[PDB]
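Quick setup: one chain, the form deposited in one PDB entry, written in structure tokens, and binding and motion questions come after.
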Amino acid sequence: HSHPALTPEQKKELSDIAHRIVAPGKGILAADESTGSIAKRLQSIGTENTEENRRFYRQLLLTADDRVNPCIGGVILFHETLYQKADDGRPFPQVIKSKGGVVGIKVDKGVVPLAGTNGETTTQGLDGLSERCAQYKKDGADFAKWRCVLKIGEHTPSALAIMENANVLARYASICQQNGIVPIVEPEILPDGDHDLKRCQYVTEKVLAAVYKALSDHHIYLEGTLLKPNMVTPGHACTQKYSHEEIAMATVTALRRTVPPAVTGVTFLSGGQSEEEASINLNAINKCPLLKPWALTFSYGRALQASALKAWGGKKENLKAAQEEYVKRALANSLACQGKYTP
């Protein structure tokens, strides 16, 4: 029976947040890497993984020039970053909002193995998620991020993994929407393996169909959600070479066959692509002649900050230089999400 999960005012709030995140020319800066994840990022540049270094790097990303304001519609933060402060004394959420960007929080608690599967996982983090989301909403976080991991193999992704990940994503989205937080569904399919483009497209279509069936079953307000899928690309070990136009065609075709138009926007992850590769693929996707009812933009981590982290080197004097390496990427992707990028 029609028991409304959300009032019209709650739906208005969620839809407004979702449309603000993915406004034309804008994408998402994925800076939500945890302490353990950022450890290798800092060690790659010879930097000790301390609270001060993480805080300074996040400040570098969040205190860039005003040129990134029309490029960044949202910033995903780790829990620690949400309650950290810039040198000027402003909390990071306030800095993000003053730059005209929405604030999001990573709320998943990592992946856990699924027994009886060939190394497949689901993701945890539903316990106490309502109270956590309420606190994040009070603290300025207006959207949330949740990442499910599927992998292509001889017998994977199996039915169990796809079903469980879709169900978990739907539960997460329901809790976030009940707490006034726009959920970003991220059913990432790993590009590991030697699978070709066609297999990736098939797997992505199946996964997205299951995800949106689960979202329908859980009464999810699609207008107040965002999709963060993998780009349809061959496996890293695949021997067949594919053009950017072919990758864009496969990605847009996979989205058009599974993603309802009510979904506000699609924010692609990079999944190991280089910065230029991610920008070119996003630009080709946005130049695809097919009809794309949703916004197609970026939710980029390494692809927005690899050059910034390289130029920083972990030392204070390189800050400005590193910031430039970030800005030039954001602008680039700001063009890529509009189909106007040219290297």
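Residues carry their position along the shown sequence, with the first being 1.
There is another form of the same protein, the form solved in complex with a partner chain; it is not shown, and what comes next is about it.
Q: Only one of 46-54, 31-39, 311-319, 66-74 has heavy atoms within 4.5 Å of the partner chain in the entry with it bound; I'd like to know which.
A: One stretch meets the cut-off, namely 31-39.
Q: In the entry with it bound, which of the listed residues (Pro91, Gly100, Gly235, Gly271) lies with a heavy atom within 4.5 Å of the partner chain?
A: Of the listed residues, the single hit is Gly271.
Q: Just to confirm, with a 4.5 Å cut-off on non-hydrogen atoms, which of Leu60, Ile280, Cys288, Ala306 contacts the partner chain in the entry with it bound?
A: By the 4.5 Å heavy-atom cutoff, the listed residue in contact is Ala306.
Q: I'd like to check something about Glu246: if you look in the entry with it bound, is any of its heavy atoms closer than or equal to 4.5 Å to a heavy atom of the partner chain?
A: Although the partner chain is absent here, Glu246 would stay clear of it in the entry with it bound, with no heavy atoms inside 4.5 Å.
Q: Is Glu80 one of the residues lying within 4.5 Å of the partner chain in the entry with it bound, judged by heavy atom distances?
A: Contact check for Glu80: no, nothing within 4.5 Å of the partner chain in the entry with it bound.
Q: Just checking whether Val95 would be counted as a contact of the partner chain in the entry with it bound - the rule being heavy atoms within 4.5 angstroms.
A: Contact with the partner chain, no.
Q: Do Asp87 and the partner chain come within 4.5 Å of each other in the entry with it bound, heavy atoms counted?
A: Because no heavy atom of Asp87 falls inside 4.5 Å of the partner chain in the entry with it bound, the answer is no.
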